[PDB]
Amino acid sequence: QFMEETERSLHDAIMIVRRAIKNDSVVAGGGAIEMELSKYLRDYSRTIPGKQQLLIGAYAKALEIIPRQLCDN
Amino acid sequence: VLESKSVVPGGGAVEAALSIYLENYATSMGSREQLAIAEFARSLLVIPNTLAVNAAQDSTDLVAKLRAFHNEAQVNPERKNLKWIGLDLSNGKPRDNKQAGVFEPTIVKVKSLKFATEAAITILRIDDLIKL
């Protein structure tokens, strides 16, 4: 039962290796950028609102959940 | 005013700054306690709210607009655009000092701050209530 995911790991690498080819610009994985983007919005959570910081506080936080899912799972 | 010439400008302009001021102080703390600062800054936010609520005002469109008065975080009429200042009651919005601008004697809040922080944690203390 352990033999299969290696091939899935092989292709998944092959995919994003080719996807690192099919896109020249390749950023940090593991949800590295979203956190800054949250604060980048926590900027606007400070900066933007007459209101919408409510969004900018809400919206941005949802970014961080996806790599959070990893530490979680 | 007379027994304390020490008083903070604004009674409600502090909240938006404070959260941010904490949001600032939050982000560097990291770990859980970056957020333990943030949720501590989330306790702040009712101050314009119940005001706006009792004044039948929209709390968010103020406290948010409040949080958008800044360059850095301070309560002061020199920069109401680039910093916070003051407050209103019936409209609820920030004022300066001599505008409508609210103040607080610096004595009272820190005590109110101190108390709620301490009562809640002892409320946060126990998980049981038992009897026979």
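Residues numbered from 1 in each chain as written, not as in the entry; some residues may be left out. Chains lettered and ligands numbered in written order. Part of a larger assembly, values for the part shown. Heavy atoms only, no water.

As recorded by the PDB entry, chain B carries the name T-complex protein 1 subunit alpha and is attributed to Homo sapiens.

The name given to chain A in the PDB entry is T-complex protein 1 subunit eta, with Homo sapiens as the source organism.

Looking now at the overall build of chain B. Check the secondary structure of chain B and you find 5 helices and 2 strands. Going residue by residue from the N terminus, the α and β elements of chain B occur as β-α-α-α-α-β-α. Dimensions of chain B, computed from C-alpha atoms along their principal axes, come out at roughly 60 × 35 × 35 Å. Expressed as a percentage of the 132 residues in chain B, the buried residues total 34%. Counted over contacts in chain B with a minimum sequence separation of 6, partners at least 24 positions apart contribute 48%. Split by element, the accessible area of chain B, about 8,600 Å² in all, is 60% carbon and sulfur. (Helix = DSSP H or I, 4+ residues; strand = E, 2+ residues; numbered from the N terminus. Buried < 20%, exposed > 50% of the residue type's maximum accessible area, 1.4 Å probe, protein only. Contact = heavy atoms within 4.5 Å. Areas by Shrake-Rupley, 256 points an atom, 1.4 Å probe, with all protein chains shown as cover.)

Another aspect to go through is the overall build of chain A. Scanning chain A from N- to C-terminus turns up 3 helices and 0 strands. Along the chain direction, N to C, the helices and strands of chain A fall in the order α-α-α. Against the 2.2 N^0.38 benchmark of 11 Å for 73 residues, chain A shows a C-alpha radius of gyration of 17 Å, more extended than a compact globule. For chain A, the spread of C-alpha atoms along the principal axes amounts to about 55 × 30 × 15 Å. Taking as baseline every contact in chain A between residues at least 6 positions apart, the subset at least 24 positions apart corresponds to 33%. Counting every atom, chain A has about 5,800 Å² of accessible surface; 62% of that belongs to carbon and sulfur. Of the charged side chains in chain A, 10 are positive and 10 negative, and the gap between their average positions amounts to 9 Å. (Rg over C-alpha atoms; globule rule 2.2 N^0.38 Å. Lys, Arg positive; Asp, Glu negative; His and termini not counted. Charge placed at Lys NZ, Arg CZ, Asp CG, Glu CD.)

This brings us to the packing of aromatic side chains. Residue and element names in this part refer to chain A. Inspection of every chain in the model, using the stated rule, returns 1 aromatic pair over all chains. A centroid spacing of 5.1 Å and a plane angle of 75° characterise the contact between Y40 and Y44, whose relative ring orientation is edge-to-face. Of this pair, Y40 and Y44 are both found in helix α2 (residues 32–47), 4 residues apart, which corresponds to roughly one turn of the helix. (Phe/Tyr/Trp six-rings, centres within 6.5 Å; stacked < 30°, edge-to-face > 60°.)

This part takes up the interface of chain A and chain B. Across the contact, 12 residues belong to chain A and 17 residues belong to chain B. A buried area of about 920 Å², summed over both sides, lies between chain A and chain B, and 48% of it is on carbon and sulfur atoms. Counting across the chain A and chain B interface gives 5 residue pairs in polar contact. When residues of the side of chain A that touches chain B are traced back to their parent elements, those giving at least two are α2 and α3 (53–72) of chain A. No other element matches α2(A), which puts 6 residues into the side of chain A that touches chain B. Of the residues that constitute the side of chain A that touches chain B, the class distribution is 3 nonpolar, 4 polar and 5 charged. (Buried area = accessible area lost by both parts, 1.4 Å probe. Polar contact = N/O pair within 3.5 Å; in protein donor to acceptor, adjacent residues only side chain to side chain. Nonpolar A, V, L, I, M, F, W, Y, C, P; charged D, E, K, R; others polar.)

With that settled, consider α2(A). An ideal rise of 1.5 Å per residue puts 22 Å on 16 residues; α2(A) measures up with 23 Å between its terminal C-alpha atoms. Elements that come into contact with the buried residues of α2(A) comprise α3 of chain A together with α1 (13–29) and α4 (60–67) of chain B. (Expected span 1.5 Å × (residues − 1).)

Any two side chains of opposite charge can pair, given that their charged atoms come close. All names here are of chain A. Under the defined criterion, the tally for this structure stands at 5 salt bridges over all chains. Among the ionic pairs, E36 bridges to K39, the shortest N-O distance being 2.7 Å. Taken as a pair, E36 and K39 lie in helix α2 at a separation of 3 residues, close to a single helical turn. For the salt bridge of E64 with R68, the shortest nitrogen-to-oxygen distance reads 3.2 Å. (Salt bridge = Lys/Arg side-chain N within 4 Å of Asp/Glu carboxyl O.)

All names here are of chain A. A grouping of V27, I33, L37 and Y40 is seen on the molecular surface, where their side chains present a nonpolar patch of about 360 Å² in accessible area. Examined against the element boundaries, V27 turns out to sit in the loop between α1 (4–22) and α2. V27 sits in the exposed class, given a relative accessible area of 66%. (Patch = residues over 30% accessible without salt bridge, like charges linked within 9 Å, V, L, I, M, F, W, Y side chains within 5 Å.)

With that settled, consider the side chain of A:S45. Along the polypeptide, A:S45 turns up in helix α2. Classification of A:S45 as buried rests on a relative accessible area of 2%. Every residue in contact with A:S45, bar those within four places of it in the chain, is listed here: A:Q53, A:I56, A:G57 and B:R67.

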